[PDB]
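*Asks:*
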RNA sequence: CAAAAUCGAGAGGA
């Protein structure tokens, strides 16, 4: 049962640069962002009454 | 025989035929790698 | 003192 999600290092999810400087992120970095978003959101909501 | 001048014992079949030159030249296919660049995720050589 | 991305589609070669 997942209670402590593991976050893999930058070498598993490198940040490839553009031919310019627009730094694209991985898919997995995006998913970690979404997880932390909803984790904070769900934490505040369940913390109060919901 | 152009090297030695003597006839060839057989008779060779010869005449004018239409050929084409296809786009596939060897100068676009020779390749060689000895420790060049590598991929960023798994440090293995690039492709191509 | 190493400089030069990724993902999809299509056409080819043996």
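Residue numbers (the entry's author numbering), protein chains in the order written: chain A, 249 to 298; chain B, 1030 to 1077.
We put the beta carbon where it would ideally sit given N, CA and C, even for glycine.
(1) Would the beta-carbon of residue 286/A fall within 8 angstroms of that of residue 253/A?
(2) What residue range is occupied by the uninterrupted alpha helix (DSSP H) comprising residue 278/A?
(3) Give every residue of the same chain whose Cβ lies closer than 6 angstroms to the Cβ of residue 1057/B, excluding the five residues on either side of it in the sequence, and list them in chain order.
(4) Could you tell me how far apart the beta carbons of residue 1062/B and residue 1074/B are, in whole angstroms, since I believe they sit closer than 8 angstroms?
(5) For residue 261/A, tell me which candidate among 1070/B, 1059/B, 1039/B has the shortest Cα-Cα distance.
(6) Using only the alpha-carbon positions, how far apart do residue 1053/B and residue 267/A sit?
(7) Sorted by chain position, which residues of the same chain lie with C-beta nearer than 8 angstroms to residue 263/A's C-beta, five sequence neighbours on each side aside?
*Replies:* Reading it off the structure:
(1) Taking the first chain and counting its residues from 1, one reaches residue 286/A at position 38. Taking the first chain and counting its residues from 1, one reaches residue 253/A at position 5. No; because the gap between Cβ atoms is not below 8 angstroms, this pair is not in contact.
(2) Here the question's residue 278/A lines up with position 30 in the first chain. 275-295 is the span of the alpha helix (DSSP H), which, as asked, contains residue 278/A.
(3) The count along the second chain starts at 1 and reaches residue 1057/B at position 28. Cβ neighbours of residue 1057/B beyond the five flanking positions: none.
(4) For this step, residue 1062/B is matched to residue 33 along the second chain. For this step, residue 1074/B is matched to residue 45 along the second chain. About 6 angstroms separates the two Cβ atoms, so the contact holds.
(5) Within the first chain, residue 261/A is the residue found at index 13, counting from 1. Considering only alpha carbons, the answer is 1070/B.
(6) Taking the second chain and counting its residues from 1, the one referred to as residue 1053/B is at position 24. Taking the first chain and counting its residues from 1, the one referred to as residue 267/A is at position 19. In a straight line, the C-alpha of residue 1053/B is about 32 angstroms away from that of residue 267/A.
(7) Taking the first residue of the first chain as position 1, residue 263/A is located at position 15. Excluding residues within five positions, the ones whose Cβ falls inside 8 angstroms are 271, 272, 273, 274, 277.
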